[PDB]
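Written out below as structure tokens is the structure these notes cover.
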4 protein chains.
Amino acid sequence: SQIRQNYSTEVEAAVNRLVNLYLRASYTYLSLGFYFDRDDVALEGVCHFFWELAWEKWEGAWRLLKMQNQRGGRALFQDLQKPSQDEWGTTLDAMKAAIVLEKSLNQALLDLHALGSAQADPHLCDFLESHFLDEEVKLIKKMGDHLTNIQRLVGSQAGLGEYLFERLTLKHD
Amino acid sequence: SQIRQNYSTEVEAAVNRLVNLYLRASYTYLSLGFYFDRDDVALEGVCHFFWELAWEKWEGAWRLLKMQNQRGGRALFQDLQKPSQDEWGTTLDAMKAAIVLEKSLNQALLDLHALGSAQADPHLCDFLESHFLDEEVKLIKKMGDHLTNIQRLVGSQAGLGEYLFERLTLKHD
Amino acid sequence: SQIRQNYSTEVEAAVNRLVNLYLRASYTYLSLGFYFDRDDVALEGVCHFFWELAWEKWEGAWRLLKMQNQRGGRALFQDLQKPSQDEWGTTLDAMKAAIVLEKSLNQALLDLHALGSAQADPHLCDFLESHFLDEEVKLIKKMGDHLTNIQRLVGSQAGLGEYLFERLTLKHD
Amino acid sequence: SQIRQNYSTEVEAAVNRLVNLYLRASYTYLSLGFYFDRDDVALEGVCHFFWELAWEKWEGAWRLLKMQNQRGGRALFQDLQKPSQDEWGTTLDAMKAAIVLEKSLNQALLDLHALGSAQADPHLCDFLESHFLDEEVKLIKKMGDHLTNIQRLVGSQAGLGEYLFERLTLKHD
Ligand SMILES: [Cl-]
Ligand SMILES: [Cl-]
Ligand SMILES: [Cl-]
Ligand SMILES: [Cl-]
């Protein structure tokens with residue numbers, strides 16, 4: 001490569017693996033959003049929350065691929081596994097699955113940052129810090145906030161709580 | 001007729017029958033809206049939902065009659081039966097009655113489309129596809145969404161749920 | 001299902017298969033665009049052409065999934081295979097691969113339309129006609145136009161022709 | 001020094017050396033731009049590309065000197081060697097010389113970042129990451145893109161290709 005400089009094969013491969021994880025996550029969120037759009041589920045704010053994340057994770061994959069080419073590495077795509085479930089249960093089940101997913105993406109980001117630091121690759125480390133690490137902390141905190149509000153609304157009237165959360169916390173129209 | 005071309009007597013008669021079904025449906029929705037406007041029912045958003053449908057079905061009848069004349073057929077009006085009930089129960093009872101009504105209109109549209117296809121009447125088939133079939137699918141999906149949200153709000157506090165649905169899902173002011 | 005009407009299991013399954021084909025096509029176009037963004041390929045207009053198609057096919061999948069729920073069918077996601085190549089050759093090779101891909105999507109659309117017609121499902125047939133069939137004919141014609149212009153530019157100076165096509169036909173900035 | 005804190009003599013000296021390298025690079029780009037402004041070379045877009053880089057590297061030197069004073073180190077200027085050539089050959093020769101120059105600046109940035117990390121100087125490390133490392137990766141990728149387009153335009157008509165690149169890729173007016 002005419003441009004490649006200080007860009008390890010190990011980082012290049014790890015970035016391709018992270019692209020796969022982000023595209024998997026995008027696909028998971030597409031499925032989550034369409035489940036909440038079912039006529040027998042019908043939680044518009046929950047659907048929009050997950051569709052926005054489907055877009056956000058697709059965009060994250062695109063930013064990683066752009067950076068891979070900026071560094072002179074080679075994008076290599078692998079098959080994308082389907083999401084872990086076909087039906088996602090309640091809003092609570094779905095938000096628990098989402099925070100498990102985000103903690104897995106966050107650990108992959110942290111592992112790649114540690115590899116970049118071991119390889120003395122400061123551009124990689126800055127790239128993750130600037131575009132991914134804080135967005136992940138902010139999203140995980142938001143999902144934690146939502147889990148707490150969903151949990152306080154269960155009481156002995158789960159349907160009422162699930163409606164109210166969707167109506168009064170999540171964005172709809 | 002100086003204009004009539006490729007317009008069967010069978011289609012002409014079926015369009016007149018469909019006009020009757022749409023005017024019946026308009027009348028049903030007028031009754032539903034006035035029931036929810038009673039001082040002892042008093043669900044403004046439910047009343048407005050059904051009054052909008054009373055208008056929409058009157059408009060559908062007018063569009064069918066306009067098309068009948070565009071094709072050179074003859075509008076023939078029949079008596080309009082009163083709605084099936086004088087009192088419509090809860091919002092849930094009313095939305096169940098509405099989706100039964102809309103599935104009956106949808107089946108009549110589908111039957112007329114099948115007659116038009118058998119008669120090789122593409123203008124009729126396009127007319128229904130362009131003005132009626134998707135509006136019916138979209139409305140039935142919306143009513144299904146509403147039925148699911150109404151059902152989740154019943155719990156053991158039916159009055160509370162019925163208020164909240166009207167306040168937080170249906171349009172009022 | 002509380003809403004499902006005139007929606008066959010055969011159509012429901014075929015729509016899920018078509019979603020998979022559109023998401024595969026989106027993924028193919030993501031790969032095509034990133035190949036042309038390589039520092040050793042560097043054809044900005046070619047990259048933008050394929051990235052726009054990656055978005056367009058993702059959007060097509062979303063519209064099919066929205067329609068599946070509008071009809072009361074159930075979205076079912078399957079694994080997504082990786083694209084057929086890791087490296088896409090010249091602009092000519094890539095545009096030939098794209099028109100093969102689009103003819104495969106077009107045949108799948110035509111097969112689903114024929115199934116809908118056999119099942120007397122006019123909403124399905126109108127949906128494909130209104131959102132997919134003309135967009136596919138227009139795109140395939142555009143790709144044919146581009147293939148002809150690329151082919152006339154090869155001459156005995158392939159590099160010069162490939163540059164000029166990207167500069168003077170495809171959109172860049 | 002009344003302000004100096006956590007700022008090693010090693011970093012201070014390395015920053016002064018990097019200032020010299022940036023001012024050398026600015027001077028190289030001044031020479032490159034004036035060569036392409038010759039009446040017997042006459043490639044306006046090539047001249048403007050290199051004059052913009054002459055400004056950019058002067059600005060980089062100024063930012064390093066500002067940071068040196070912010071940290072309480074002392075700017076020390078050394079003689080500036082003349083550029084490596086008086087005549088720069090073709091656009092291809094010149095862009096090859098430019099990417100060699102930029103990889104040398106990038107390695108100096110990476111070496112200073114590694115020194116800062118060894119000295120536990122996070123302000124220095126953040127400063128380079130925020131103002132220099134990504135600007136260098138982006139510029140080197142751009143030069144790689146340009147080298148690929150210049151190389152594809154050589155064919156057996158080098159003059160024609162050199163004109164077309166300057167006219168259709170580089171900014172002029
Ligand atoms: Cl799997
Ligand atoms: Cl009666
Ligand atoms: Cl495969
Ligand atoms: Cl010298």
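Here's how to read the names in the structure tokens: chain A, B, ... by the order shown, residue numbers from 1 in each chain, ligand numbers from 1 in the order shown.
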
Residues of chain A within 12 Å of chain B, counting only C-alpha atoms, as an mmCIF file with N, CA and C atoms, in the first residue's frame:
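The new file selection_27.cif reads:
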```cif
data_model
loop_
_atom_site.group_PDB
_atom_site.id
_atom_site.type_symbol
_atom_site.label_atom_id
_atom_site.label_comp_id
_atom_site.auth_asym_id
_atom_site.auth_seq_id
_atom_site.Cartn_x
_atom_site.Cartn_y
_atom_site.Cartn_z
ATOM 1 N N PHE A 36 -42.032 -4.221 17.121
ATOM 2 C CA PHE A 36 -42.881 -3.244 17.884
ATOM 3 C C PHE A 36 -43.881 -2.557 16.942
ATOM 4 N N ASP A 37 -43.700 -2.664 15.628
ATOM 5 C CA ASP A 37 -44.634 -2.150 14.592
ATOM 6 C C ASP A 37 -45.749 -3.157 14.264
ATOM 7 N N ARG A 38 -45.683 -4.379 14.752
ATOM 8 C CA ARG A 38 -46.749 -5.381 14.574
ATOM 9 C C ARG A 38 -48.067 -4.807 15.090
ATOM 10 N N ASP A 39 -49.174 -5.171 14.424
ATOM 11 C CA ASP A 39 -50.497 -4.711 14.912
ATOM 12 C C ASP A 39 -50.805 -5.290 16.291
ATOM 13 N N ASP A 40 -50.249 -6.422 16.676
ATOM 14 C CA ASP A 40 -50.498 -7.077 18.000
ATOM 15 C C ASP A 40 -49.432 -6.712 19.044
ATOM 16 N N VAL A 41 -48.588 -5.735 18.731
ATOM 17 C CA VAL A 41 -47.602 -5.193 19.690
ATOM 18 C C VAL A 41 -47.849 -3.669 19.769
ATOM 19 N N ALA A 42 -47.655 -2.954 18.687
ATOM 20 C CA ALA A 42 -48.204 -1.604 18.463
ATOM 21 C C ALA A 42 -47.682 -0.637 19.531
ATOM 22 N N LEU A 43 -46.375 -0.424 19.597
ATOM 23 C CA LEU A 43 -45.745 0.549 20.527
ATOM 24 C C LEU A 43 -44.851 1.445 19.691
ATOM 25 N N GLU A 44 -45.429 2.490 19.130
ATOM 26 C CA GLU A 44 -44.804 3.360 18.146
ATOM 27 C C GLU A 44 -43.490 3.913 18.700
ATOM 28 N N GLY A 45 -43.491 4.412 19.923
ATOM 29 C CA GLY A 45 -42.254 5.032 20.447
ATOM 30 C C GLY A 45 -41.125 4.017 20.602
ATOM 31 N N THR A 90 -41.629 -8.214 25.867
ATOM 32 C CA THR A 90 -42.117 -6.901 26.291
ATOM 33 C C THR A 90 -41.103 -5.823 25.998
ATOM 34 N N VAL A 154 -43.943 -1.421 36.092
ATOM 35 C CA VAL A 154 -44.556 -2.776 36.006
ATOM 36 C C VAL A 154 -45.626 -2.906 37.099
ATOM 37 N N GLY A 155 -45.269 -2.666 38.368
ATOM 38 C CA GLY A 155 -46.257 -2.777 39.462
ATOM 39 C C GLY A 155 -47.030 -4.081 39.314
ATOM 40 N N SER A 156 -48.364 -4.033 39.377
ATOM 41 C CA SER A 156 -49.262 -5.204 39.158
ATOM 42 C C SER A 156 -50.133 -4.965 37.916
ATOM 43 N N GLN A 157 -49.854 -3.880 37.174
ATOM 44 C CA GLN A 157 -50.563 -3.458 35.943
ATOM 45 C C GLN A 157 -49.541 -3.280 34.817
ATOM 46 N N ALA A 158 -49.030 -4.396 34.288
ATOM 47 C CA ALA A 158 -47.870 -4.370 33.356
ATOM 48 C C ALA A 158 -48.283 -3.671 32.063
ATOM 49 N N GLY A 159 -49.482 -3.958 31.544
ATOM 50 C CA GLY A 159 -49.951 -3.346 30.288
ATOM 51 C C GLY A 159 -50.034 -1.818 30.389
ATOM 52 N N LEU A 160 -50.665 -1.334 31.461
ATOM 53 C CA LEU A 160 -50.785 0.116 31.749
ATOM 54 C C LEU A 160 -49.379 0.737 31.765
ATOM 55 N N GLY A 161 -48.438 0.115 32.496
ATOM 56 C CA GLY A 161 -47.079 0.677 32.572
ATOM 57 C C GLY A 161 -46.402 0.713 31.230
ATOM 58 N N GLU A 162 -46.600 -0.327 30.446
ATOM 59 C CA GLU A 162 -45.920 -0.397 29.130
ATOM 60 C C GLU A 162 -46.450 0.676 28.179
ATOM 61 N N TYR A 163 -47.753 0.890 28.194
ATOM 62 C CA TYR A 163 -48.385 1.987 27.441
ATOM 63 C C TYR A 163 -47.816 3.333 27.899
ATOM 64 N N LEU A 164 -47.892 3.607 29.220
ATOM 65 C CA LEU A 164 -47.479 4.918 29.717
ATOM 66 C C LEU A 164 -46.017 5.234 29.383
ATOM 67 N N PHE A 165 -45.147 4.234 29.514
ATOM 68 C CA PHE A 165 -43.717 4.478 29.190
ATOM 69 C C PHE A 165 -43.589 4.909 27.719
ATOM 70 N N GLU A 166 -44.223 4.123 26.835
ATOM 71 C CA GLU A 166 -44.162 4.433 25.405
ATOM 72 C C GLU A 166 -44.745 5.815 25.076
ATOM 73 N N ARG A 167 -45.838 6.175 25.730
ATOM 74 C CA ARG A 167 -46.513 7.452 25.484
ATOM 75 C C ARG A 167 -45.724 8.645 26.057
ATOM 76 N N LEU A 168 -45.213 8.479 27.287
ATOM 77 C CA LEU A 168 -44.725 9.656 28.046
ATOM 78 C C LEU A 168 -43.200 9.765 28.087
ATOM 79 N N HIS A 172 -42.862 9.929 19.807
ATOM 80 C CA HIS A 172 -43.859 9.401 18.828
ATOM 81 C C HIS A 172 -44.605 10.557 18.152
ATOM 82 N N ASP A 173 -45.388 10.264 17.106
ATOM 83 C CA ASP A 173 -46.036 11.264 16.207
ATOM 84 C C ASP A 173 -45.894 10.801 14.752
#
```

Would you tabulate, counting only C-alpha atoms and all ligand atoms, all residues of chain C that have an atom at most 12 Å from an atom of ligand 1, showing the closest pair of atoms and their distance in Å to one decimal, sorted by chain then ascending number, as a Markdown table?
```
| residue | atom | partner | partner_atom_place_in_ligand_line | distance |
| --- | --- | --- | --- | --- |
| C:77 | CA | ligand 1 | 1 (Cl) | 10.3 |
| C:78 | CA | ligand 1 | 1 (Cl) | 8.2 |
| C:79 | CA | ligand 1 | 1 (Cl) | 6.6 |
| C:80 | CA | ligand 1 | 1 (Cl) | 9.8 |
| C:81 | CA | ligand 1 | 1 (Cl) | 11.6 |
```

(Q) Just list as a ChimeraX atom specification whatever in chain B DSSP marks as helix (DSSP H, G or I). (A) /B:9-36,44-71,91-118,122-154,158-168

Q: Just the residues within 10 Å of residue 120 of chain D, please, counting only C-alpha atoms, with nothing from its chain fewer than 4 positions along; format it as a ChimeraX atom specification.
A: /D:6-8,114-116,124-125

What does the file look like for those residues with C-alpha atoms, as a short mmCIF file (atom, residue, chain, number, x, y, z; two decimals), in the first residue's frame?
```
data_model
loop_
_atom_site.label_atom_id
_atom_site.label_comp_id
_atom_site.auth_asym_id
_atom_site.auth_seq_id
_atom_site.Cartn_x
_atom_site.Cartn_y
_atom_site.Cartn_z
CA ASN D 6 4.71 17.96 33.31
CA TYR D 7 6.57 19.27 30.20
CA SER D 8 9.85 17.37 29.66
CA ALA D 114 5.26 7.93 21.49
CA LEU D 115 7.70 10.21 23.43
CA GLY D 116 4.76 12.02 25.03
CA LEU D 124 0.92 16.71 24.29
CA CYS D 125 -0.64 13.42 23.13
#
```

**Q.** Selection: 8 Å around residue 4 of chain B, only C-alpha atoms, excl. self and same-chain fewer than 5 positions, as an MDAnalysis selection string
**A.** chainID B and resid 71:73

Produce a file of the selected residues containing C-alpha atoms, as an mmCIF file, in the first residue's frame.
```cif
data_model
loop_
_atom_site.group_PDB
_atom_site.id
_atom_site.type_symbol
_atom_site.label_atom_id
_atom_site.label_comp_id
_atom_site.auth_asym_id
_atom_site.auth_seq_id
_atom_site.Cartn_x
_atom_site.Cartn_y
_atom_site.Cartn_z
ATOM 1 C CA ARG B 71 -67.641 5.358 -17.144
ATOM 2 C CA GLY B 72 -71.199 6.008 -18.409
ATOM 3 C CA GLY B 73 -72.964 3.878 -15.856
#
```

Q.
Residues near residue 62 of chain A, anyone? I mean within 12 Å using only C-alpha atoms, not counting same-chain ones fewer than 6 positions away, as number ranges by chain.
A. A: 15-16, 18-20, 22-23, 26, 55-56, 68-69, 75, 131; C: 27, 30-31, 33-34, 37, 51, 54-55

Q.
Using only C-alpha atoms and all ligand atoms, which residues have at least one atom no more than 7 Å from ligand 4? Output them as a PyMOL selection string.
A. chain D and resi 81-84

Could you take the residues named above and write them with N, CA and C atoms, as a JSON list (two decimals), in the first residue's frame?
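Wrote it out as again-v3.json, contents follow:
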```
[["chain", "number", "residue", "atom", "x", "y", "z"],
["D", 81, "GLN", "N", 16.77, 24.25, 5.86],
["D", 81, "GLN", "CA", 17.36, 23.80, 4.59],
["D", 81, "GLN", "C", 16.41, 24.05, 3.42],
["D", 82, "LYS", "N", 17.01, 24.30, 2.27],
["D", 82, "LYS", "CA", 16.26, 24.46, 1.01],
["D", 82, "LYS", "C", 15.63, 23.12, 0.64],
["D", 83, "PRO", "N", 14.61, 23.18, -0.22],
["D", 83, "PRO", "CA", 14.00, 21.93, -0.66],
["D", 83, "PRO", "C", 14.97, 21.01, -1.41],
["D", 84, "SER", "N", 14.56, 19.75, -1.56],
["D", 84, "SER", "CA", 15.46, 18.69, -2.08],
["D", 84, "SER", "C", 15.71, 18.84, -3.57]]
```

**Q.** For residue 108 of chain C: contacts at 10 Å, only C-alpha atoms, fewer than 3 positions along chain excluded, given as a PyMOL selection string
**A.** chain C and resi 14-15+17-18+21+102-105+111-114

Q. Counting only C-alpha atoms, what is within 10 Å of residue 97 of chain B, bar same-chain residues fewer than 3 positions away, as number ranges by chain?
A. B: 28, 32, 84-85, 88, 91-94, 100-102

Export of the given selection (C-alpha atoms) as a PDB file, in the first residue's frame:
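Produced file out13.pdb, reproduced below:
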```pdb
ATOM      1  CA  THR B  28     -72.594   3.839  11.316  1.00  0.00           C
ATOM      2  CA  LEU B  32     -70.587   5.934  16.784  1.00  0.00           C
ATOM      3  CA  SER B  84     -76.496  -2.228  13.763  1.00  0.00           C
ATOM      4  CA  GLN B  85     -76.609  -0.733  17.313  1.00  0.00           C
ATOM      5  CA  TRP B  88     -71.867   1.107  21.213  1.00  0.00           C
ATOM      6  CA  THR B  91     -64.203   2.156  23.252  1.00  0.00           C
ATOM      7  CA  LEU B  92     -63.055  -1.491  22.902  1.00  0.00           C
ATOM      8  CA  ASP B  93     -66.544  -2.663  21.794  1.00  0.00           C
ATOM      9  CA  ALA B  94     -66.723   0.248  19.360  1.00  0.00           C
ATOM     10  CA  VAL B 100     -65.606  -5.780  11.546  1.00  0.00           C
ATOM     11  CA  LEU B 101     -67.180  -2.990   9.417  1.00  0.00           C
ATOM     12  CA  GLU B 102     -63.884  -2.164   7.670  1.00  0.00           C
TER      13      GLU B 102
END
```

Q. Please, what distance in Å, to one decimal, runs between atom CA of residue 110 of chain A and atom CA of residue 132 of chain A?
A. 9.9 Å

Q: Determine the nearest neighbour of ligand 2 from the options B:3, B:11, B:47, B:86, counting only C-alpha atoms and all ligand atoms.
A: B:86

Q. Which value, in Å to one decimal, gives the distance between atom CA of residue 129 of chain B and atom CA of residue 126 of chain C?
A.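 Atom CA of residue 129 of chain B sits 6.3 Å away from atom CA of residue 126 of chain C.
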
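Atom to atom, atom CA of residue 95 of chain A and atom CA of residue 70 of chain C stand 24.3 Å apart.
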